[PDB]
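Below is one structure, written out as structure tokens; the observations come after it.
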Amino acid sequence: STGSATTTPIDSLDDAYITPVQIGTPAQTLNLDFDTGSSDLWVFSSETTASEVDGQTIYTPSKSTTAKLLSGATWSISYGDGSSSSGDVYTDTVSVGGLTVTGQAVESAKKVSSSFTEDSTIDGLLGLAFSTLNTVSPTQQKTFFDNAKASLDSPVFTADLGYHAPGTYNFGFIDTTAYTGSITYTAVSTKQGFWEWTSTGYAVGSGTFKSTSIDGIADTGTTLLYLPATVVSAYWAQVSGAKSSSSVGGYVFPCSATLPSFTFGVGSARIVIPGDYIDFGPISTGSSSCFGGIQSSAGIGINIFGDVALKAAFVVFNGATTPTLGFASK
């Protein structure tokens with residue numbers, strides 16, 4: 001089998017991407033944030049504290065004839081941005097772009113933190129990291145991809161995120177018309193439960209490529225590109241007037257700037273992030289100071305190849321017995 005679904009930016013800055021997902025019978029369609037950095041499929045629901053719902057579409061398991069409460073199961077998750085959510089668990093039928101999994105654990109939120117409430121465009125998350133990170137207790141549950149894998153034509157999914165435009169998540173096949181050149185594959189460590197890999201280096205604009213190992217994660221659920229302080233300083237030094245602002249919480253730059261590109265290495269291959277992809281707009285409404293899309297990972301504890309990086313590539317998440325990651329230009 002295969003599936004194919006369009007993923008759409010939630011706003012004009014690509015602050016996140018949503019993909020429609022069918023849950024239950026009859027189908028209830030929710031727009032979920034596909035997140036290769038976590039492993040829970042959780043949704044706003046009829047059980048979510050009313051004051052914590054503000055415009056989201058909810059899953060109502062009582063209206064699904066295939067929903068079954070998973071007895072005694074709860075979940076609770078905390079993300080890198082400080083946000084959190086928790087609740088109980090149903091199994092139900094879940095379909096993405098024509099690909100169907102029966103018996104999928106659907107984690108129904110009883111509580112969500114303010115950043116989730118305040119974002120009316122995201123109805124939940126669909127985790128695509130490794131199932132070892134799944135938070136359901138006392139019996140850990142599998143991701144949608146893990147449940148689908150054996151049935152797929154090939155045990156892979158691909159992320160093709162757009163810049164200020166829609167893109168595609170495919171399951172079970174590689175669309176050879178969706179990229180240019182070849183796909184370069186690179187080793188993955190699953191020891192931390194992530195799609196963790198090592199970039200071979202970087203360049204800033206038309207500058208010379210610096211060969212240096214950068215261990216990080218391919219994370220569709222993180223908006224920006226988080227890299228070591230040395231790398232990030234080298235980037236922003238090429239932008240007149242750019243500075244790290246402790247009050248804003250990262251590098252900011254004059255909105256009148258033309259940003260240089262940023263290149264990262266995948267083996268001997270090179271992915272070029274155009275400068276415009278690194279502009280996240282005014283720091284506050286009406287400001288002429290703009291927030292940068294490349295930020296320091298210092299004190300995160302890991303480098304994160306988030307949407308800023310991934311949207312410059314066609315990315316293969318290869319779930320073979322030994323997982324690997326593939327990157328192509330597009």
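Count residues from 1 along the sequence.
Close placement of the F116 and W42 rings is indicated, their centers lying within 6.0 Å of each other. Ring to ring, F314 and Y179 are close: their centroids are under 6.0 angstrom apart. For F264 and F305, the distance between ring centers is under 6.0 angstrom. Ring centers of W197 and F327: under 6.0 Å apart, within the cut-off.
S296 places a side-chain N or O within 3.5 Å of a backbone atom of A298 that can act as its donor or acceptor partner. No donor-acceptor distance shorter than 3.5 angstrom exists from the side chain of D123 to the backbone of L32, with no hydrogens or angles considered. At least one donor-acceptor pair closer than 3.5 Å links the side chain of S199 to the backbone N or O of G265. Side-chain N or O atoms of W195 include none that pairs as donor or acceptor with a backbone N or O of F130 at under 3.5 Å. Of the possible polar contacts, one joining the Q56 side chain to the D54 backbone as a donor-acceptor pair under 3.5 Å is found. Of the possible polar contacts, one joining the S287 side chain to the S289 backbone as a donor-acceptor pair under 3.5 Å is found. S1 places a side-chain N or O within 3.5 Å of a backbone atom of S151 that can act as its donor or acceptor partner. A donor-acceptor pair under 3.5 Å links the side-chain atoms of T36 to the main chain of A218, judged by distance alone. Between the side chain of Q140 and the backbone N or O of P138 there is no donor-acceptor pair closer than 3.5 Å. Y235 places a side-chain N or O within 3.5 Å of a backbone atom of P260 that can act as its donor or acceptor partner.
Using modelled atom types, one finds a donor on one side chain and an acceptor on the other under 3.5 Å when comparing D92 with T66. In the model, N303 has a side-chain atom that pairs as donor or acceptor with a side-chain atom of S297 under 3.5 Å. In this structure, a donor-acceptor pair under 3.5 Å is absent between the side chains of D15 and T223. Checking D40 against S38 by side-chain atom types alone, no donor-acceptor pair falls below 3.5 Å. At a cut-off of 3.5 Å, with distance as the only test, a side-chain donor of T100 or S95 sits close to an acceptor on the other residue. Defined by atom type and a distance below 3.5 Å, a donor-acceptor pair is present between the side-chain atoms of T324 and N318. Between the side chains of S245 and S247, at least one donor-acceptor pair of N or O atoms lies under 3.5 Å. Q104 and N147 share a donor-acceptor pair across their side chains, judged by distance under 3.5 Å alone. Checked by atom type, the side-chain pair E47/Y90 shows a donor-acceptor distance below 3.5 Å. With hydrogens and angles left out, the side-chain atoms of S189 and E196 include no donor and acceptor closer than 3.5 Å.
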Test side-chain hydrogen bond (donor to acceptor under 3.5 Å, both in side chains) applied to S76 and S86, step by step: CA-CA 4 Å; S76 179; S86 63; 4.8 Å; no
Q) Which is it for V21 and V94 under the side chain to side chain contact (heavy atoms under 4.5 Å, CB included) test, yes or no, and what are the steps along the way? A) CA-CA 7 Å; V21 176; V94 173; 3.7 Å; yes
* To do: Determine, step by step, whether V106 and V43 satisfy the side chain to side chain contact (heavy atoms under 4.5 Å, CB included) criterion, reporting the C-alpha distance in whole Å, the side-chain angles of both residues, the deciding distance to 0.1 Å, and the verdict.
  => CA-CA 7 Å; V106 177; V43 299; 3.9 Å; yes
Please determine whether side-chain hydrogen bond (donor to acceptor under 3.5 Å, both in side chains) holds for the pair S131 and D146, giving the CA-CA distance in whole Å, both sets of side-chain angles, and the decisive distance to 0.1 Å. CA-CA 7 Å; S131 291; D146 257 9; 2.7 Å; yes
Would you check, one step at a time, whether the test side chain to side chain contact (heavy atoms under 4.5 Å, CB included) holds for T60 with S45?
CA-CA 6 Å; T60 303; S45 76; over 6 Å; no
request  = Show your working on side-chain hydrogen bond (donor to acceptor under 3.5 Å, both in side chains) between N170 and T168 and close with a plain yes or no.
outcome  = CA-CA 6 Å; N170 289 330; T168 304; 5.4 Å; no
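The 12-atom threshold is exceeded at NZ of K330, counting heavy atoms of other residues, nucleotides or ligands nearer than 6.0 Å.
Of all heavy-atom pairs spanning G293 and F280, the tightest one is CA-CD1, 3.7 Å. What you find for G193 and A129 is that their closest heavy atoms are O-CB, 3.4 Å. When every heavy atom of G37 is checked against every heavy atom of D219, the shortest pair comes out as N-OD1, 3.2 Å. For the residue pair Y79 and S85, the shortest heavy atom distance occurs at CE1-OG, 4.4 Å. Here the closest heavy-atom approach between residue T6 and residue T19 is recorded as O-CG2, 3.6 Å. Taking every heavy atom of both residues into account, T48 and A109 meet most closely at OG1-O, 2.7 Å.
Separation of atoms CD (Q192) and OG1 (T132) is listed at 10.5 Å; rounding is to 0.5 Å. Atoms CG and OG, on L69 and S62 in that order, are 12.0 Å from each other to the nearest 0.5 Å. Taking CG from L30 and CD1 from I122, the interatomic distance works out to 12.0 Å, rounded to the nearest 0.5 Å. Put simply, CG on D279 and SG on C255 are 6.5 Å apart, with the number rounded to the nearest 0.5 Å. Remark: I278 CD1 to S261 OG distance equals 7.0 Å, nearest 0.5 Å. The line from CG of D33 to CG of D35 is 6.0 Å long, rounded to the nearest 0.5 Å.
A 4.5 Å side-chain heavy-atom check between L325 and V315 finds at least one atom pair inside the cut-off. With contacts defined as side-chain heavy-atom distances shorter than 4.5 Å, the pair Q295/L225 does not qualify. A heavy-atom distance below 4.5 Å is found between the side chains of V136 and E107. When side chains are defined from C-beta on, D276 does not count as touching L259, because their heavy atoms never get closer than 4.5 Å. Using a 4.5 Å heavy-atom threshold, the side chains of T190 and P323 count as touching. Contact check for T220 versus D307: side-chain heavy atoms found under the 4.5 Å cut-off. Using a 4.5 Å heavy-atom threshold, the side chains of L128 and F317 count as separate. With a 4.5 Å cut-off on side-chain heavy atoms, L161 and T7 count as touching.
Applying the side-chain contact (heavy atoms from CB on, under 4.5 Å) criterion to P20, with sequence neighbours excluded, gives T29, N31.
Each of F173 and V316 belongs to its own hydrophobic cluster when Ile, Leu, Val, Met, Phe, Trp and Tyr are linked at side-chain heavy-atom distances under 4.5 angstrom. Cluster annotation: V272 and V204 are assigned to distinct hydrophobic clusters (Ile/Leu/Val/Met/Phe/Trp/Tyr, side-chain heavy-atom contacts under 4.5 Å, transitive).
Judged by a 6.0 Å distance limit and a 45° cone about the ring axis, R270 is positioned over the six-membered ring of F209.
Residue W236 forms a ring pair (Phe, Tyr, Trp, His ring centres under 6.0 Å) with just one option from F253, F262, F291, and that option is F253. The residue from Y169, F34, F145 that alone fulfils the ring pair (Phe, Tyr, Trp, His ring centres under 6.0 Å) condition with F157 is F145.
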